[PDB]
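Here is the file run-v2.txt (compact mmCIF, N, CA and C atoms).
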# COMPACT_ATOMS: atom_id res chain seq x y z
N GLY L 4 83.10 -126.24 153.67
CA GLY L 4 84.40 -126.24 153.02
C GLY L 4 85.37 -127.27 153.57
N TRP L 5 84.85 -128.41 153.99
CA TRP L 5 85.66 -129.48 154.56
C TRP L 5 86.08 -130.45 153.46
N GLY L 6 86.62 -131.60 153.85
CA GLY L 6 87.04 -132.60 152.89
C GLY L 6 86.80 -133.99 153.44
N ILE L 7 86.76 -134.96 152.53
CA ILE L 7 86.46 -136.33 152.93
C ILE L 7 87.58 -136.93 153.76
N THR L 8 88.78 -136.38 153.69
CA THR L 8 89.91 -136.83 154.49
C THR L 8 90.61 -135.64 155.11
N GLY L 9 89.83 -134.71 155.63
CA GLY L 9 90.40 -133.46 156.07
C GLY L 9 91.04 -132.75 154.90
N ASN L 10 92.12 -132.02 155.19
CA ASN L 10 92.98 -131.44 154.17
C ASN L 10 92.22 -130.48 153.25
N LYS L 11 91.60 -129.48 153.86
CA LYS L 11 91.11 -128.29 153.16
C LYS L 11 90.19 -128.64 151.99
N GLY L 12 89.65 -129.85 151.95
CA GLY L 12 88.84 -130.21 150.81
C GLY L 12 89.62 -130.13 149.51
N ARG L 13 88.88 -130.22 148.41
CA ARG L 13 89.52 -130.11 147.10
C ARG L 13 89.66 -128.66 146.67
N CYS L 14 88.57 -127.91 146.70
CA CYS L 14 88.59 -126.50 146.31
C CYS L 14 87.84 -125.65 147.31
N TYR L 15 88.17 -125.81 148.58
CA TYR L 15 87.90 -124.73 149.52
C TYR L 15 88.75 -123.52 149.17
N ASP L 16 89.85 -123.71 148.45
CA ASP L 16 90.63 -122.57 147.97
C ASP L 16 89.85 -121.80 146.91
N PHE L 17 89.25 -122.50 145.95
CA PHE L 17 88.47 -121.82 144.93
C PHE L 17 87.25 -121.15 145.54
N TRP L 18 86.65 -121.76 146.56
CA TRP L 18 85.52 -121.12 147.21
C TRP L 18 85.96 -119.92 148.03
N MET L 19 87.14 -119.97 148.65
CA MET L 19 87.63 -118.79 149.35
C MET L 19 87.94 -117.66 148.37
N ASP L 20 88.43 -118.01 147.18
CA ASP L 20 88.68 -116.98 146.17
C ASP L 20 87.37 -116.40 145.66
N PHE L 21 86.34 -117.23 145.52
CA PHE L 21 85.04 -116.76 145.06
C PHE L 21 84.24 -116.07 146.16
N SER L 22 84.61 -116.26 147.42
CA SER L 22 83.94 -115.57 148.51
C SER L 22 84.61 -114.25 148.83
N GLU L 23 85.95 -114.21 148.84
CA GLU L 23 86.64 -112.94 148.98
C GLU L 23 86.24 -111.98 147.87
N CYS L 24 86.01 -112.49 146.66
CA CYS L 24 85.50 -111.65 145.59
C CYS L 24 84.11 -111.14 145.92
N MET L 25 83.15 -112.06 146.10
CA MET L 25 81.79 -111.67 146.43
C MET L 25 81.71 -110.86 147.72
N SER L 26 82.76 -110.88 148.53
CA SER L 26 82.79 -110.01 149.70
C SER L 26 82.97 -108.55 149.31
N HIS L 27 84.03 -108.25 148.55
CA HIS L 27 84.40 -106.87 148.26
C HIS L 27 84.23 -106.51 146.79
N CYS L 28 83.30 -107.15 146.09
CA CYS L 28 82.90 -106.71 144.75
C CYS L 28 81.41 -106.40 144.76
N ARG L 29 81.06 -105.21 144.27
CA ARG L 29 79.69 -104.71 144.39
C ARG L 29 78.73 -105.38 143.42
N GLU L 30 79.22 -106.20 142.50
CA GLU L 30 78.33 -106.81 141.55
C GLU L 30 78.50 -108.33 141.52
N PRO L 31 77.45 -109.07 141.17
CA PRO L 31 77.62 -110.52 140.96
C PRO L 31 78.47 -110.85 139.76
N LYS L 32 78.58 -109.95 138.79
CA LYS L 32 79.51 -110.09 137.69
C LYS L 32 80.71 -109.17 137.93
N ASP L 33 81.85 -109.58 137.37
CA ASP L 33 83.25 -109.29 137.69
C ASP L 33 83.72 -110.15 138.85
N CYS L 34 82.84 -110.94 139.46
CA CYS L 34 83.21 -112.02 140.36
C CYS L 34 82.74 -113.36 139.83
N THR L 35 82.34 -113.41 138.56
CA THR L 35 81.83 -114.63 137.94
C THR L 35 82.92 -115.51 137.37
N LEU L 36 84.09 -114.95 137.05
CA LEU L 36 85.22 -115.79 136.68
C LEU L 36 85.55 -116.76 137.79
N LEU L 37 85.60 -116.27 139.03
CA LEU L 37 85.87 -117.14 140.17
C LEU L 37 84.75 -118.15 140.36
N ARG L 38 83.51 -117.76 140.08
CA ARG L 38 82.39 -118.69 140.21
C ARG L 38 82.52 -119.83 139.22
N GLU L 39 82.88 -119.52 137.98
CA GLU L 39 83.08 -120.58 137.00
C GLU L 39 84.29 -121.43 137.34
N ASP L 40 85.34 -120.82 137.91
CA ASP L 40 86.46 -121.59 138.44
C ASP L 40 85.97 -122.61 139.46
N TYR L 41 85.19 -122.16 140.43
CA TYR L 41 84.76 -123.02 141.52
C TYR L 41 83.86 -124.14 141.01
N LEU L 42 82.92 -123.81 140.13
CA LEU L 42 82.07 -124.86 139.57
C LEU L 42 82.86 -125.81 138.68
N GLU L 43 83.91 -125.32 138.02
CA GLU L 43 84.81 -126.21 137.29
C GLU L 43 85.47 -127.20 138.23
N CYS L 44 85.90 -126.74 139.40
CA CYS L 44 86.40 -127.68 140.38
C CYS L 44 85.33 -128.70 140.76
N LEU L 45 84.12 -128.22 141.02
CA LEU L 45 83.09 -129.10 141.56
C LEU L 45 82.73 -130.21 140.58
N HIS L 46 82.36 -129.85 139.36
CA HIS L 46 81.84 -130.83 138.43
C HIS L 46 82.79 -131.18 137.30
N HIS L 47 83.90 -130.45 137.15
CA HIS L 47 84.86 -130.70 136.08
C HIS L 47 84.17 -130.69 134.71
N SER L 48 83.19 -129.80 134.56
CA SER L 48 82.43 -129.76 133.32
C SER L 48 83.29 -129.30 132.15
N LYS L 49 84.09 -128.25 132.35
CA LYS L 49 84.97 -127.78 131.29
C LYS L 49 86.02 -128.82 130.94
N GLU L 50 86.70 -129.36 131.96
CA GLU L 50 87.73 -130.36 131.72
C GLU L 50 87.16 -131.59 131.04
N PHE L 51 86.00 -132.05 131.49
CA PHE L 51 85.42 -133.25 130.90
C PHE L 51 84.93 -133.00 129.48
N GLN L 52 84.37 -131.82 129.21
CA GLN L 52 83.93 -131.53 127.85
C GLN L 52 85.12 -131.41 126.91
N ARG L 53 86.24 -130.87 127.40
CA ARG L 53 87.43 -130.77 126.56
C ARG L 53 88.02 -132.15 126.29
N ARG L 54 88.13 -132.98 127.32
CA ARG L 54 88.61 -134.35 127.12
C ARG L 54 87.70 -135.11 126.17
N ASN L 55 86.39 -134.92 126.29
CA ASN L 55 85.47 -135.64 125.42
C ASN L 55 85.55 -135.14 123.99
N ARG L 56 85.79 -133.84 123.78
CA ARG L 56 86.00 -133.35 122.42
C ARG L 56 87.29 -133.91 121.83
N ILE L 57 88.35 -133.96 122.63
CA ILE L 57 89.60 -134.58 122.19
C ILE L 57 89.35 -136.01 121.72
N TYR L 58 88.74 -136.81 122.60
CA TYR L 58 88.51 -138.22 122.27
C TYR L 58 87.54 -138.37 121.11
N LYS L 59 86.58 -137.44 120.98
CA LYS L 59 85.61 -137.53 119.90
C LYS L 59 86.25 -137.24 118.55
N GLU L 60 87.10 -136.22 118.48
CA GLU L 60 87.80 -135.93 117.23
C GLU L 60 88.78 -137.04 116.88
N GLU L 61 89.49 -137.57 117.88
CA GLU L 61 90.35 -138.72 117.65
C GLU L 61 89.56 -139.90 117.09
N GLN L 62 88.42 -140.21 117.70
CA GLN L 62 87.61 -141.34 117.27
C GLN L 62 87.06 -141.12 115.86
N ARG L 63 86.66 -139.89 115.55
CA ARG L 63 86.15 -139.60 114.21
C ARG L 63 87.24 -139.79 113.17
N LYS L 64 88.45 -139.28 113.44
CA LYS L 64 89.56 -139.48 112.52
C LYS L 64 89.87 -140.96 112.35
N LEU L 65 89.89 -141.71 113.46
CA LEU L 65 90.21 -143.13 113.39
C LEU L 65 89.16 -143.91 112.60
N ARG L 66 87.88 -143.58 112.79
CA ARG L 66 86.84 -144.27 112.04
C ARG L 66 86.88 -143.90 110.56
N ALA L 67 87.18 -142.64 110.25
CA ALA L 67 87.31 -142.23 108.86
C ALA L 67 88.51 -142.88 108.19
N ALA L 68 89.54 -143.21 108.97
CA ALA L 68 90.69 -143.92 108.42
C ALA L 68 90.45 -145.42 108.33
N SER L 69 89.61 -145.97 109.21
CA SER L 69 89.35 -147.41 109.22
C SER L 69 88.35 -147.79 108.13
N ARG L 70 87.14 -147.22 108.18
CA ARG L 70 86.12 -147.59 107.21
C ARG L 70 86.33 -146.88 105.87
N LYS L 71 86.77 -145.62 105.91
CA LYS L 71 87.03 -144.82 104.72
C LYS L 71 85.80 -144.66 103.83
N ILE Q 4 22.53 -60.84 165.98
CA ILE Q 4 23.56 -60.40 166.91
C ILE Q 4 23.62 -61.35 168.11
N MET Q 5 22.80 -61.05 169.12
CA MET Q 5 22.70 -61.86 170.32
C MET Q 5 24.04 -61.96 171.05
N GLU Q 6 24.73 -60.82 171.15
CA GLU Q 6 25.81 -60.57 172.10
C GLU Q 6 27.12 -61.30 171.81
N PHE Q 7 27.12 -62.28 170.90
CA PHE Q 7 28.40 -62.90 170.56
C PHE Q 7 28.53 -63.39 169.12
N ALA Q 8 27.56 -63.14 168.24
CA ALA Q 8 27.65 -63.66 166.88
C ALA Q 8 28.92 -63.20 166.17
N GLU Q 9 29.44 -62.04 166.54
CA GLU Q 9 30.65 -61.52 165.92
C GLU Q 9 31.82 -62.48 166.11
N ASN Q 10 32.18 -62.75 167.36
CA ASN Q 10 33.27 -63.69 167.64
C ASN Q 10 32.83 -65.14 167.55
N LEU Q 11 31.55 -65.39 167.29
CA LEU Q 11 31.03 -66.74 167.09
C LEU Q 11 31.52 -67.36 165.79
N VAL Q 12 32.08 -66.56 164.89
CA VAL Q 12 32.52 -67.09 163.61
C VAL Q 12 34.01 -67.43 163.64
N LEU Q 13 34.77 -66.83 164.56
CA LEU Q 13 36.19 -67.16 164.64
C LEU Q 13 36.38 -68.49 165.36
N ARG Q 14 35.72 -69.53 164.87
CA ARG Q 14 35.99 -70.90 165.26
C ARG Q 14 36.78 -71.62 164.17
N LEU Q 15 37.02 -70.93 163.06
CA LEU Q 15 38.00 -71.29 162.06
C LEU Q 15 38.59 -70.00 161.53
N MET Q 16 39.83 -70.07 161.06
CA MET Q 16 40.45 -68.97 160.34
C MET Q 16 41.36 -69.58 159.28
N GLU Q 17 41.75 -68.74 158.32
CA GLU Q 17 42.28 -69.25 157.06
C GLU Q 17 43.41 -70.25 157.27
N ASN Q 18 44.53 -69.81 157.86
CA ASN Q 18 45.66 -70.68 158.15
C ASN Q 18 45.99 -71.54 156.93
N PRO Q 19 46.52 -70.96 155.86
CA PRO Q 19 46.50 -71.65 154.56
C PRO Q 19 47.62 -72.65 154.32
N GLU Q 20 48.29 -73.15 155.37
CA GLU Q 20 49.44 -74.02 155.17
C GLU Q 20 49.06 -75.45 154.79
N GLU Q 21 47.78 -75.81 154.88
CA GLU Q 21 47.34 -77.13 154.45
C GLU Q 21 47.66 -77.42 152.99
N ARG Q 22 48.09 -76.42 152.22
CA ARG Q 22 48.57 -76.70 150.87
C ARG Q 22 50.05 -77.08 150.88
N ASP Q 23 50.84 -76.53 151.81
CA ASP Q 23 52.17 -77.08 151.98
C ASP Q 23 52.09 -78.50 152.51
N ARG Q 24 51.02 -78.81 153.24
CA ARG Q 24 50.76 -80.20 153.62
C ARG Q 24 50.81 -81.12 152.40
N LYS Q 25 50.03 -80.81 151.36
CA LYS Q 25 50.04 -81.66 150.18
C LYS Q 25 51.33 -81.51 149.39
N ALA Q 26 51.95 -80.33 149.46
CA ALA Q 26 53.26 -80.14 148.84
C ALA Q 26 54.25 -81.18 149.33
N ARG Q 27 54.32 -81.39 150.64
CA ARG Q 27 55.25 -82.34 151.21
C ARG Q 27 54.72 -83.77 151.20
N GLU Q 28 53.40 -83.95 151.25
CA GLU Q 28 52.82 -85.23 150.86
C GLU Q 28 53.41 -85.70 149.54
N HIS Q 29 53.45 -84.81 148.55
CA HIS Q 29 53.93 -85.19 147.24
C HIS Q 29 55.38 -85.63 147.28
N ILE Q 30 56.19 -85.01 148.14
CA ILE Q 30 57.56 -85.48 148.35
C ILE Q 30 57.54 -86.90 148.90
N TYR Q 31 56.68 -87.13 149.90
CA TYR Q 31 56.49 -88.48 150.43
C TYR Q 31 56.28 -89.47 149.31
N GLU Q 32 55.27 -89.22 148.47
CA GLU Q 32 54.86 -90.25 147.52
C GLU Q 32 55.83 -90.34 146.35
N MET Q 33 56.52 -89.25 146.03
CA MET Q 33 57.59 -89.32 145.05
C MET Q 33 58.69 -90.25 145.52
N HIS Q 34 58.98 -90.24 146.82
CA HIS Q 34 59.93 -91.22 147.33
C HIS Q 34 59.31 -92.62 147.35
N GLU Q 35 58.07 -92.73 147.82
CA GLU Q 35 57.40 -94.02 147.95
C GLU Q 35 57.24 -94.75 146.64
N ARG Q 36 57.13 -94.04 145.51
CA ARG Q 36 57.13 -94.70 144.22
C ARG Q 36 58.36 -95.57 144.03
N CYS Q 37 59.35 -95.45 144.91
CA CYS Q 37 60.47 -96.38 145.00
C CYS Q 37 60.28 -97.43 146.08
N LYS Q 38 59.03 -97.82 146.39
CA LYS Q 38 58.83 -98.83 147.42
C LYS Q 38 59.09 -100.23 146.88
N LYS Q 39 58.48 -100.57 145.75
CA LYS Q 39 58.50 -101.93 145.23
C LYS Q 39 59.65 -102.19 144.27
N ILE Q 40 60.29 -101.14 143.75
CA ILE Q 40 61.37 -101.34 142.78
C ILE Q 40 62.65 -101.75 143.50
N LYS Q 41 62.80 -101.33 144.75
CA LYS Q 41 64.00 -101.66 145.50
C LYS Q 41 63.97 -103.12 145.93
N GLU Q 42 65.16 -103.70 146.06
CA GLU Q 42 65.31 -105.06 146.56
C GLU Q 42 66.78 -105.24 146.97
N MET Q 43 67.17 -106.48 147.24
CA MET Q 43 68.55 -106.87 147.55
C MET Q 43 69.49 -106.30 146.50
N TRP Q 44 70.47 -105.51 146.96
CA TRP Q 44 71.57 -105.07 146.12
C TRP Q 44 72.93 -105.39 146.73
N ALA Q 45 73.00 -105.59 148.04
CA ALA Q 45 74.25 -105.67 148.77
C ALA Q 45 74.70 -107.11 148.87
N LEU Q 46 75.88 -107.39 148.32
CA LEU Q 46 76.62 -108.62 148.59
C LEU Q 46 77.89 -108.33 149.36
N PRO Q 47 78.11 -107.07 149.73
CA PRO Q 47 79.26 -106.67 150.51
C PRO Q 47 78.92 -106.46 151.98
N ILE Q 48 77.63 -106.37 152.31
CA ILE Q 48 77.22 -106.23 153.70
C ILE Q 48 77.24 -107.60 154.34
N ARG Q 49 77.08 -107.65 155.66
CA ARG Q 49 77.46 -108.75 156.55
C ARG Q 49 76.94 -110.14 156.16
Exercise: express the given structure as structure tokens:
Amino acid sequence: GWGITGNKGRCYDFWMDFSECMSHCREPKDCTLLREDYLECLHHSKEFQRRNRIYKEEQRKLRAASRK
Amino acid sequence: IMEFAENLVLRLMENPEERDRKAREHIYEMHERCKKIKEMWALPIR
């Protein structure tokens, strides 16, 4: 849970939230929201897929307006 | 006869508790049928 320039890493906070959950929650689910939070920090998969959908719909509209 | 054949047979006697033996054997194996189904469940232990 370190960082490339010290400073608590990027989401050692999200991992602490996902570990405190997995500490005192008896199931792997009901602690999965925090797991998806932490993996979102790691790979930015949700953020990148949303940005790409934004840009994709924009590009489709622009191409439909350009070529028609 | 020959002076001891009478007590020569009391080298075993009924003592019928060997059926409670299997009675509690069965408790053993009823629990043991949970040998392979159990696995990791604890994420709250150390």
Could you give me, as a tab-separated table, every chain Q residue with an atom at most 8 Å from chain L, plus its closest atom pair and distance in Å to one decimal, counting only N, CA and C atoms, rows ordered by chain then number?
residue	atom	partner	partner_atom	distance
Q:44	C	L:29	C	6.7
Q:45	CA	L:29	C	7.0
Q:46	C	L:25	C	4.9
Q:47	CA	L:26	C	4.3
Q:48	N	L:26	C	6.5
Quick check for you: according to DSSP on this backbone, which residues of chain Q are classed as alpha helix (DSSP H)? Reply as an MDAnalysis selection string. chainID Q and resid 21:35
Region 30-35 of chain Q, all listed atoms, 4 Å padding on each side: what axis-aligned box centre and edge lengths in Å to one decimal come out, as AutoDock Vina command-line options?
--center_x 57.4 --center_y -89.9 --center_z 147.7 --size_x 13.1 --size_y 17.7 --size_z 13.4
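What separates CA of residue 5 (chain L) from atom C of residue 45 (chain L) is a distance of 14.3 Å.
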Could you please determine the separation between atom N of residue 18 (chain L) and atom C of residue 55 (chain L) in Å, to one decimal place?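 That distance, rounded to one decimal, is 26.3 Å.
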Could you tell me how far CA of residue 58 (chain L) sits from CA of residue 44 (chain L), in Å to one decimal place? 21.1 Å
Can you rebuild region 46-66 of chain L with N, CA, C and O atoms and give it as a PDB file, in the coordinates of the input?
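Now in result.pdb:
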ATOM      1  N   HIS L  46      82.360-129.850 139.360  1.00  0.00           N
ATOM      2  CA  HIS L  46      81.840-130.830 138.430  1.00  0.00           C
ATOM      3  C   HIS L  46      82.790-131.180 137.300  1.00  0.00           C
ATOM      4  O   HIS L  46      82.511-132.122 136.552  1.00  0.00           O
ATOM      5  N   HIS L  47      83.900-130.450 137.150  1.00  0.00           N
ATOM      6  CA  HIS L  47      84.860-130.700 136.080  1.00  0.00           C
ATOM      7  C   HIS L  47      84.170-130.690 134.710  1.00  0.00           C
ATOM      8  O   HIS L  47      84.507-131.467 133.820  1.00  0.00           O
ATOM      9  N   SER L  48      83.190-129.800 134.560  1.00  0.00           N
ATOM     10  CA  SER L  48      82.430-129.760 133.320  1.00  0.00           C
ATOM     11  C   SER L  48      83.290-129.300 132.150  1.00  0.00           C
ATOM     12  O   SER L  48      83.244-129.890 131.065  1.00  0.00           O
ATOM     13  N   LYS L  49      84.090-128.250 132.350  1.00  0.00           N
ATOM     14  CA  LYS L  49      84.970-127.780 131.290  1.00  0.00           C
ATOM     15  C   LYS L  49      86.020-128.820 130.940  1.00  0.00           C
ATOM     16  O   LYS L  49      86.232-129.147 129.768  1.00  0.00           O
ATOM     17  N   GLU L  50      86.700-129.360 131.960  1.00  0.00           N
ATOM     18  CA  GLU L  50      87.730-130.360 131.720  1.00  0.00           C
ATOM     19  C   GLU L  50      87.160-131.590 131.040  1.00  0.00           C
ATOM     20  O   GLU L  50      87.771-132.131 130.107  1.00  0.00           O
ATOM     21  N   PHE L  51      86.000-132.050 131.490  1.00  0.00           N
ATOM     22  CA  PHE L  51      85.420-133.250 130.900  1.00  0.00           C
ATOM     23  C   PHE L  51      84.930-133.000 129.480  1.00  0.00           C
ATOM     24  O   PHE L  51      85.082-133.859 128.610  1.00  0.00           O
ATOM     25  N   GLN L  52      84.370-131.820 129.210  1.00  0.00           N
ATOM     26  CA  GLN L  52      83.930-131.530 127.850  1.00  0.00           C
ATOM     27  C   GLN L  52      85.120-131.410 126.910  1.00  0.00           C
ATOM     28  O   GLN L  52      85.053-131.851 125.762  1.00  0.00           O
ATOM     29  N   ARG L  53      86.240-130.870 127.400  1.00  0.00           N
ATOM     30  CA  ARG L  53      87.430-130.770 126.560  1.00  0.00           C
ATOM     31  C   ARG L  53      88.020-132.150 126.290  1.00  0.00           C
ATOM     32  O   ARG L  53      88.376-132.465 125.147  1.00  0.00           O
ATOM     33  N   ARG L  54      88.130-132.980 127.320  1.00  0.00           N
ATOM     34  CA  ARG L  54      88.610-134.350 127.120  1.00  0.00           C
ATOM     35  C   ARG L  54      87.700-135.110 126.170  1.00  0.00           C
ATOM     36  O   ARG L  54      88.187-135.872 125.319  1.00  0.00           O
ATOM     37  N   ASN L  55      86.390-134.920 126.290  1.00  0.00           N
ATOM     38  CA  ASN L  55      85.470-135.640 125.420  1.00  0.00           C
ATOM     39  C   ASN L  55      85.550-135.140 123.990  1.00  0.00           C
ATOM     40  O   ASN L  55      85.423-135.934 123.056  1.00  0.00           O
ATOM     41  N   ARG L  56      85.790-133.840 123.780  1.00  0.00           N
ATOM     42  CA  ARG L  56      86.000-133.350 122.420  1.00  0.00           C
ATOM     43  C   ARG L  56      87.290-133.910 121.830  1.00  0.00           C
ATOM     44  O   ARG L  56      87.329-134.284 120.653  1.00  0.00           O
ATOM     45  N   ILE L  57      88.350-133.960 122.630  1.00  0.00           N
ATOM     46  CA  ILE L  57      89.600-134.580 122.190  1.00  0.00           C
ATOM     47  C   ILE L  57      89.350-136.010 121.720  1.00  0.00           C
ATOM     48  O   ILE L  57      89.685-136.390 120.595  1.00  0.00           O
ATOM     49  N   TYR L  58      88.740-136.810 122.600  1.00  0.00           N
ATOM     50  CA  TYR L  58      88.510-138.220 122.270  1.00  0.00           C
ATOM     51  C   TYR L  58      87.540-138.370 121.110  1.00  0.00           C
ATOM     52  O   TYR L  58      87.669-139.299 120.317  1.00  0.00           O
ATOM     53  N   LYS L  59      86.580-137.440 120.980  1.00  0.00           N
ATOM     54  CA  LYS L  59      85.610-137.530 119.900  1.00  0.00           C
ATOM     55  C   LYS L  59      86.250-137.240 118.550  1.00  0.00           C
ATOM     56  O   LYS L  59      85.982-137.942 117.569  1.00  0.00           O
ATOM     57  N   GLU L  60      87.100-136.220 118.480  1.00  0.00           N
ATOM     58  CA  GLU L  60      87.800-135.930 117.230  1.00  0.00           C
ATOM     59  C   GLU L  60      88.780-137.040 116.880  1.00  0.00           C
ATOM     60  O   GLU L  60      88.889-137.441 115.712  1.00  0.00           O
ATOM     61  N   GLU L  61      89.490-137.570 117.880  1.00  0.00           N
ATOM     62  CA  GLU L  61      90.350-138.720 117.650  1.00  0.00           C
ATOM     63  C   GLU L  61      89.560-139.900 117.090  1.00  0.00           C
ATOM     64  O   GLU L  61      89.977-140.530 116.112  1.00  0.00           O
ATOM     65  N   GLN L  62      88.420-140.210 117.700  1.00  0.00           N
ATOM     66  CA  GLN L  62      87.610-141.340 117.270  1.00  0.00           C
ATOM     67  C   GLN L  62      87.060-141.120 115.860  1.00  0.00           C
ATOM     68  O   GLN L  62      86.996-142.058 115.065  1.00  0.00           O
ATOM     69  N   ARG L  63      86.660-139.890 115.550  1.00  0.00           N
ATOM     70  CA  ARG L  63      86.150-139.600 114.210  1.00  0.00           C
ATOM     71  C   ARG L  63      87.240-139.790 113.170  1.00  0.00           C
ATOM     72  O   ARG L  63      87.011-140.398 112.113  1.00  0.00           O
ATOM     73  N   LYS L  64      88.450-139.280 113.440  1.00  0.00           N
ATOM     74  CA  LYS L  64      89.560-139.480 112.520  1.00  0.00           C
ATOM     75  C   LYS L  64      89.870-140.960 112.350  1.00  0.00           C
ATOM     76  O   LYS L  64      90.085-141.444 111.231  1.00  0.00           O
ATOM     77  N   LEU L  65      89.890-141.710 113.460  1.00  0.00           N
ATOM     78  CA  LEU L  65      90.210-143.130 113.390  1.00  0.00           C
ATOM     79  C   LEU L  65      89.160-143.910 112.600  1.00  0.00           C
ATOM     80  O   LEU L  65      89.499-144.798 111.820  1.00  0.00           O
ATOM     81  N   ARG L  66      87.880-143.580 112.790  1.00  0.00           N
ATOM     82  CA  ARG L  66      86.840-144.270 112.040  1.00  0.00           C
ATOM     83  C   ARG L  66      86.880-143.900 110.560  1.00  0.00           C
ATOM     84  O   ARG L  66      86.657-144.763 109.699  1.00  0.00           O
TER      85      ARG L  66
END
